[PDB]
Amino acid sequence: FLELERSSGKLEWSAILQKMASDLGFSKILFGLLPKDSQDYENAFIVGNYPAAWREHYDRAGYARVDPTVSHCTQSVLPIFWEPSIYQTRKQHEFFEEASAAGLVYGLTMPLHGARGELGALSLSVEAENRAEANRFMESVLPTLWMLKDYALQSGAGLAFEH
């Protein structure tokens, strides 16, 4: 958090957050944030290293309104693990297949709810060999991730919306 706060500009903050994620064992991350009373998902503040073509398609196709992790974030402060049980409807299943082709198979999303009403998500994806190991690994680092998401929120909200 101290490095994140000493950092200047989005490239540096993004680089620090991405390295924190990678050092913890997660090769892909997304931090997304909106100001209070905005549902403008396609124009959120977005940081991270999701493949660019996936990000562009996701926004163009309005996947924020289909992706079950986003609806979850609007309702909860608790993590959502990317298990098959969350990809229930045909459209969510098709979304899962496309996300999988983009390299996003195993992971979790931590909802973000800031002190000024900011709404966001911190997602991390892990390239584990199988689902069981992905889950054992994520559980083992979950307390660290839980702290990380609040530090990223407090710092990122300042970068996204403060002058």
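By rigid core we mean the largest C-alpha set that fits within 1.5 Å across both forms. Quick note: we count residues from 1 along the sequence shown, nothing fancier.
Taking the root mean square of CA deviations in 8 other deposited structures of this protein after fitting on the rigid core, 36-44 and 131-139 differ, and the farther of the two is 36-44. Root mean square Cα distance to the shown form, taken over structures and residues in 8 other deposited structures of this protein after a core fit, is higher for 5-13 when 5-13 and 19-27 are compared. Higher mean CA temperature factor between 46-54 and 33-41: 33-41, per the PDB entry. Higher mean CA temperature factor between 59-67 and 119-127: 59-67, per the PDB entry. In this PDB entry, the Cα temperature factor of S76 sits in the bottom third of its chain's modelled residues, the lowest group. Ranked against the other modelled residues of its chain, the C-alpha B-factor of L142 as given in the entry falls in the middle third.
When the CA B factors of the chain's modelled residues are split into thirds, the value for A134 lands in the middle one. Compared with the other modelled residues of the chain, the Cα B-factor recorded for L104 ranks in the middle third.
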